[PDB]
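> One structure, as structure tokens, below. Some questions next.
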Amino acid sequence: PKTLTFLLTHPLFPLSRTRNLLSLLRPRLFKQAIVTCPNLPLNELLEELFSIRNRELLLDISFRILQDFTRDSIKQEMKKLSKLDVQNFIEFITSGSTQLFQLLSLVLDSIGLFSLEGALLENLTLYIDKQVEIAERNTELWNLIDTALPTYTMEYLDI
Amino acid sequence: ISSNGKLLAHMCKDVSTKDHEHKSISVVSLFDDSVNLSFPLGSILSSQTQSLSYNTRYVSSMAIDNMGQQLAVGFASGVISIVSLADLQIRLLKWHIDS
Amino acid sequence: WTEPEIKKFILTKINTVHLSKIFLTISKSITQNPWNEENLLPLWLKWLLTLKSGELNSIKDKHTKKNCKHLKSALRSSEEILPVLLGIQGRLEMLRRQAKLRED
Amino acid sequence: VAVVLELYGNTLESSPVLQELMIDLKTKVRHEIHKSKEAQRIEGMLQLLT
Amino acid sequence: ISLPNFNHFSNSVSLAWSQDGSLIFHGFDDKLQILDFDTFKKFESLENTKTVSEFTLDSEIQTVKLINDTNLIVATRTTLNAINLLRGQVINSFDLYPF
Amino acid sequence: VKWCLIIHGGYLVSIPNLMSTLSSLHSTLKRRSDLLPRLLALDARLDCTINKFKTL
RNA sequence: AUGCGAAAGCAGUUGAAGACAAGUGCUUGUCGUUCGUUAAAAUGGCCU
């Protein structure tokens with residue numbers, strides 16, 4: 001409704017619709033509510049991110065949560081979250097940007113030291129190594145963007 | 001105005017209107033009519049400064065002796081010139097690097 | 001165009017004679033794909049910049065400088081992205097060593 | 001050294017001593033970049049281990 | 001310390017301190033947070049009487065003040081809102097957007 | 001320090017105020033990691049000049 | 001170099017009139033001149 005989109009444009013949205021309207025919204029109104037809603041709970045937002053809908057909502061939700069929330073809170077909520085979808089998510093990242101890299105940093109922080117598979121970690125180190133390399137070449141290129149004695153000279157002239 | 005208050009010395013543009021030598025310096029007495037002189041800044045300045053900038057040719061401060069013998073001009077390039085008003089001639093004082 | 005040394009050679013020939021238009025298409029291609037794995041086209045831009053900067057400054061004023069500012073924006077975003085990527089590489093190295101310690 | 005390289009590139013080509021000095025400088029700056037890369041890595045390790 | 005890593009920069013912050021030294025009102029853009037000084041974290045009510053630790057105000061905060069340990073004044077980018085703290089509800093409002 | 005943080009990490013994640021314990025380590029790595037980008041810039045310009053005088 | 005903006009950046013900007021000098025009625029430069037726009041020089045450096 002136009003009134004609902006006007007209230008999504010409106011700054012204050014009191015408590016309960018911010019608590020549970022994401023399940024009701026689960027397209028256009030979805031994108032509007034995610035680009036603007038003043039209060040958005042972490043459990044529902046991380047579940048929406050870890051859904052595999054992938055409308056560049058990766059970028060959208062990641063920028064939203066990194067704008068509005070703290071690293072310790074994201075770490076604790078993703079500690080509470082499930083491991084299998086985390087594995088599928090990091091598989092999605094290594095298959096196919098600073099928002100998602102900070103997301104990768106935070107999921108590493110939440111997973112800690114215990115649940116690391118072998119070949120998954122091998123592919124992750126390979127991907128991160130080649131992307132560090134291309135980022136280093138990119139940085140050097142950007143800095144490059146930001147960057148007498150006539151002892152005897154036999155000549156001839158045209159008169 | 002000279003430090004007594006008996007002389008004033010000012011500049012004019014009517015010789016810009018009537019000459020290529022542009023600004024005219026004129027010094028006038030106040031309570032008597034003893035001294036009154038007028039001459040162009042083309043005669044005041046040097047000749048080697050005409051291939052140079054308006055910073056040099058921009059006069060920025062005037063000072064007069066209490067007798068009227070010396071008139072000190074100070075340009076925007078930082079070089080003072082003191083003219084003796086008998087033979088109407090210059091001596092240069094060069095220290096300031098700004099105006 | 002394949003070998004970097006023959007790229008230096010053909011670059012010297014381009015500067016002998018075209019450099020503006022190839023710089024423009026290289027600029028548009030890189031500002032489209034900043035993360036292109038093919039390093040050869042960045043070697044093109046790198047050698048062209050370390051050889052012929054002055055004429056790049058003195059040729060034009062608008063239809064080079066606009067895309068130059070846009071590519072500056074993209075590559076400065078890459079310079080922003082680098083350090084947390086280095087830190088993530090460090091954490092992965094730590095986890096690899098811990099896995100090694102669990103093995104042996 | 002940013003402003004020295006900005007000034008003196010021509011005499012850098014002309015005289016060979018400064019060329020060897022630039023070789024030593026290149027090696028040491030690359031070595032320093034390596035040092036700071038490893039230090040950033042260890043700081044990332046600490047931020048994991050918080 | 002209390003150092004969160006926010007990817008958004010806002011030029012307009014403010015903060016205020018209760019007289020006892022316990023309650024700290026950190027007003028960042030759009031949002032006031034209430035913190036205990038002992039923890040530097042959100043003062044979470046065990047009673048939960050709708051004295052919510054975060055306030056969200058319609059405009060960007062230019063000023064937070066507490067005139068006593070009761071009344072909190074906020075001057076926001078368009079308006080001005082006076083709130084009580086013994087009951088978590090805004091008392092008074094004033095429009096300053098033309099001014 | 002690499003192998004130490006590898007091995008003994010359990011007690012390190014168990015102790016609460018890791019900053020106040022490992023203060024000087026955090027500060028030293030902070031200085032060096034903050035030093036890095038100007039070094040990258042200086043190496044970029046230095047390599048440009050070196051390849052310029054080496055190409056001919 | 002103006003506005004918005006975060007210490008990033010994002011948009012936009014360099015128009016005429018008049019007068020004078022020099023060179024050759026024509027070219028450049030200049031302004032202690034107007035209106036319209038959101039708009040390096042005179043060898044000369046710090047007291048006791």
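Following the order of the structure tokens, first chain is A, next is B, and so on, with residues numbered from 1 inside each chain and ligands from 1 in the order they appear.
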Tell me, as a ChimeraX atom specification, which residues lie within 7 Å of range 40-45 of chain F, counting only C-alpha atoms (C1' of nucleotides); anything in the same chain fewer than 4 positions away does not count.
/A:140,143-144,147 /D:2,26,29,33 /F:36,49
> Produce a file of the selected residues containing N, CA and C atoms, as a short mmCIF file (atom, residue, chain, number, x, y, z; two decimals), in the first residue's frame.

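So the final result, stored in selection_14.cif, reads:
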```
data_model
loop_
_atom_site.label_atom_id
_atom_site.label_comp_id
_atom_site.auth_asym_id
_atom_site.auth_seq_id
_atom_site.Cartn_x
_atom_site.Cartn_y
_atom_site.Cartn_z
N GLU A 140 48.70 -1.23 -6.13
CA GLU A 140 49.88 -0.67 -6.78
C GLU A 140 49.49 0.09 -8.04
N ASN A 143 48.00 3.47 -6.98
CA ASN A 143 49.04 4.44 -6.64
C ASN A 143 49.78 4.93 -7.88
N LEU A 144 49.93 4.07 -8.88
CA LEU A 144 50.53 4.53 -10.13
C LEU A 144 49.60 5.48 -10.89
N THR A 147 50.10 8.76 -9.22
CA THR A 147 51.43 9.31 -9.49
C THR A 147 51.41 10.58 -10.35
N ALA D 2 59.96 10.51 -1.69
CA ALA D 2 58.94 10.82 -2.69
C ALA D 2 59.29 12.08 -3.47
N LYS D 26 64.85 -0.23 -3.10
CA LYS D 26 63.74 -1.07 -3.52
C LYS D 26 63.70 -2.37 -2.72
N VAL D 29 62.59 -1.58 0.97
CA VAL D 29 61.17 -1.24 1.11
C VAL D 29 60.30 -2.46 0.88
N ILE D 33 57.63 -4.02 3.56
CA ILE D 33 56.25 -4.38 3.25
C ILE D 33 55.97 -5.80 3.72
N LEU F 36 52.09 0.20 7.07
CA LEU F 36 52.05 -0.44 5.74
C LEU F 36 51.66 0.41 4.52
N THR F 49 59.89 4.54 -11.16
CA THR F 49 61.12 5.21 -11.58
C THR F 49 62.20 4.20 -11.96
#
```
> Report the closest atom pair, with its distance in Å rounded to one decimal, for each residue of chain G that has an atom no farther than 12 Å from chain C; count only C-alpha atoms (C1' of nucleotides), sort by chain and then rising residue number, and write it as a tab-separated table.

```
residue	atom	partner	partner_atom	distance
G:8	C1'	C:76	CA	9.1
G:9	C1'	C:73	CA	8.0
G:10	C1'	C:73	CA	10.5
```
> Could the residues in this selection be written to a file with C-alpha atoms (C1' of nucleotides), as a PDB file, in the first residue's frame?

```
ATOM      1  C1'   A G   8      36.550   9.203   1.452  1.00  0.00           C
ATOM      2  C1'   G G   9      34.208  10.990  -2.126  1.00  0.00           C
ATOM      3  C1'   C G  10      29.609  12.567  -5.204  1.00  0.00           C
TER       4        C G  10
END
```
> Need the shell around residue 36 in chain E: protein/DNA/RNA residues with any atom at most 12 Å away, counting only C-alpha atoms (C1' of nucleotides). Skip same-chain ones fewer than 4 positions apart. Format as a short mmCIF file (atom, residue, chain, number, x, y, z; two decimals) with N, CA, C and O atoms, in the first residue's frame?

```
data_model
loop_
_atom_site.label_atom_id
_atom_site.label_comp_id
_atom_site.auth_asym_id
_atom_site.auth_seq_id
_atom_site.Cartn_x
_atom_site.Cartn_y
_atom_site.Cartn_z
N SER E 2 35.02 1.76 24.84
CA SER E 2 33.84 1.18 24.19
C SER E 2 33.98 1.49 22.70
O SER E 2 33.58 2.56 22.25
N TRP E 17 25.87 13.00 30.84
CA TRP E 17 26.25 12.20 31.99
C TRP E 17 25.37 12.56 33.18
O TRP E 17 25.22 13.74 33.49
N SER E 18 24.82 11.55 33.84
CA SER E 18 24.05 11.80 35.05
C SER E 18 24.96 12.25 36.18
O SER E 18 26.18 12.08 36.14
N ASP E 20 25.17 11.21 39.29
CA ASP E 20 25.74 10.17 40.13
C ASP E 20 26.99 9.55 39.52
O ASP E 20 27.80 8.97 40.25
N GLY E 21 27.14 9.64 38.20
CA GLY E 21 28.25 9.00 37.53
C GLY E 21 27.96 7.63 36.99
O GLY E 21 28.89 6.88 36.70
N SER E 22 26.68 7.27 36.83
CA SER E 22 26.30 5.93 36.41
C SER E 22 25.71 5.89 35.01
O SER E 22 26.13 5.08 34.19
N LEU E 23 24.73 6.74 34.73
CA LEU E 23 24.03 6.72 33.45
C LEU E 23 24.71 7.65 32.46
O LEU E 23 25.00 8.81 32.78
N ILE E 24 24.98 7.13 31.27
CA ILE E 24 25.59 7.88 30.18
C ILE E 24 24.66 7.79 28.98
O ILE E 24 24.32 6.69 28.53
N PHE E 25 24.24 8.94 28.47
CA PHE E 25 23.40 9.00 27.28
C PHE E 25 24.29 9.36 26.10
O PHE E 25 24.71 10.51 25.97
N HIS E 26 24.59 8.38 25.26
CA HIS E 26 25.38 8.61 24.06
C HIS E 26 24.41 8.75 22.89
O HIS E 26 23.81 7.77 22.45
N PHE E 40 30.01 -0.08 30.42
CA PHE E 40 29.99 0.53 29.09
C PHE E 40 29.17 -0.31 28.11
O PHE E 40 29.54 -0.48 26.94
N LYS E 41 28.05 -0.84 28.58
CA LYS E 41 27.15 -1.63 27.76
C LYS E 41 25.72 -1.20 28.07
O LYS E 41 25.47 -0.36 28.94
N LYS E 42 24.78 -1.79 27.35
CA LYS E 42 23.39 -1.35 27.42
C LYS E 42 22.77 -1.71 28.76
O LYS E 42 22.82 -2.87 29.19
N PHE E 43 22.18 -0.72 29.41
CA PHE E 43 21.53 -0.91 30.70
C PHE E 43 20.23 -1.66 30.51
O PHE E 43 19.17 -1.04 30.33
N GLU E 44 20.29 -2.98 30.55
CA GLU E 44 19.14 -3.83 30.26
C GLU E 44 18.32 -4.02 31.52
O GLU E 44 18.83 -4.53 32.53
N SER E 45 17.05 -3.62 31.47
CA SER E 45 16.19 -3.64 32.64
C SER E 45 15.75 -5.06 32.97
O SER E 45 15.23 -5.77 32.11
N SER E 53 16.52 0.87 26.41
CA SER E 53 17.87 1.41 26.43
C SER E 53 18.18 2.26 25.21
O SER E 53 19.09 3.09 25.25
#
```
> Fewer than 4 positions away in the same chain doesn't count, so skip those; otherwise give me all residues within 9 Å of residue 107 in chain A, counting only C-alpha atoms (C1' of nucleotides), as a list in words.
residues 74, 75, 78, 79, 86, 90, 102, 103, 111 and 112 of chain A
> Taking only residues of chain C that have an atom at most 7 Å from an atom of chain A, what is each one's shortest atom pair and its distance in Å to one decimal, using only C-alpha atoms, in chain and number order, as a Markdown table?

```
| residue | atom | partner | partner_atom | distance |
| --- | --- | --- | --- | --- |
| C:46 | CA | A:141 | CA | 6.4 |
| C:49 | CA | A:144 | CA | 6.9 |
| C:72 | CA | A:142 | CA | 6.6 |
| C:75 | CA | A:142 | CA | 5.6 |
| C:76 | CA | A:142 | CA | 6.6 |
| C:78 | CA | A:135 | CA | 6.2 |
| C:79 | CA | A:139 | CA | 5.2 |
| C:81 | CA | A:98 | CA | 5.6 |
| C:82 | CA | A:135 | CA | 6.2 |
| C:85 | CA | A:132 | CA | 6.5 |
| C:86 | CA | A:132 | CA | 6.9 |
| C:88 | CA | A:105 | CA | 6.2 |
| C:89 | CA | A:128 | CA | 6.5 |
| C:92 | CA | A:125 | CA | 6.7 |
| C:95 | CA | A:113 | CA | 6.8 |
```
> In Å, with one decimal, what is the gap from CA of residue 61 in chain C to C1' of residue 40 in chain G?
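Separating CA of residue 61 in chain C from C1' of residue 40 in chain G is a distance of 26.0 Å.
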> Quick one: residues within 10 Å of residue 52 in chain F, only C-alpha atoms (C1' of nucleotides), excluding same-chain residues fewer than 6 positions away - as a tab-separated table (two decimals) with N, CA and C atoms, in the first residue's frame?

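Resulting contents of out27.tsv:
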```tsv
chain	number	residue	atom	x	y	z
C	47	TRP	N	52.21	-0.60	-17.60
C	47	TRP	CA	53.33	-0.18	-18.43
C	47	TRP	C	53.04	1.13	-19.15
C	50	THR	N	53.57	3.82	-16.44
C	50	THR	CA	54.96	4.06	-16.08
C	50	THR	C	55.80	4.52	-17.26
C	51	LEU	N	55.25	4.53	-18.47
C	51	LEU	CA	55.98	5.12	-19.59
C	51	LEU	C	55.51	6.50	-20.00
D	9	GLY	N	64.78	12.45	-11.64
D	9	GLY	CA	64.77	11.24	-12.45
D	9	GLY	C	65.80	11.24	-13.57
D	13	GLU	N	68.85	8.58	-14.21
D	13	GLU	CA	69.25	7.82	-15.39
D	13	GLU	C	70.71	8.08	-15.76
F	46	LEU	N	58.64	4.15	-6.47
F	46	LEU	CA	60.03	3.75	-6.66
F	46	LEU	C	60.17	2.74	-7.78
```
> Between CA of residue 76 in chain B and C1' of residue 35 in chain G, what is the spacing in Å?
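Separation between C1' of residue 35 in chain G and CA of residue 76 in chain B: 28.5 Å.
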> Tell me, in Å to one decimal, how far CA of residue 59 in chain E is from CA of residue 77 in chain E.
5.0 Å
> From the options C:93, C:103, C:3, C:37, which residue's atoms come nearest to chain D, counting only C-alpha atoms?
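For chain D, the nearest of the given residues is C:93.
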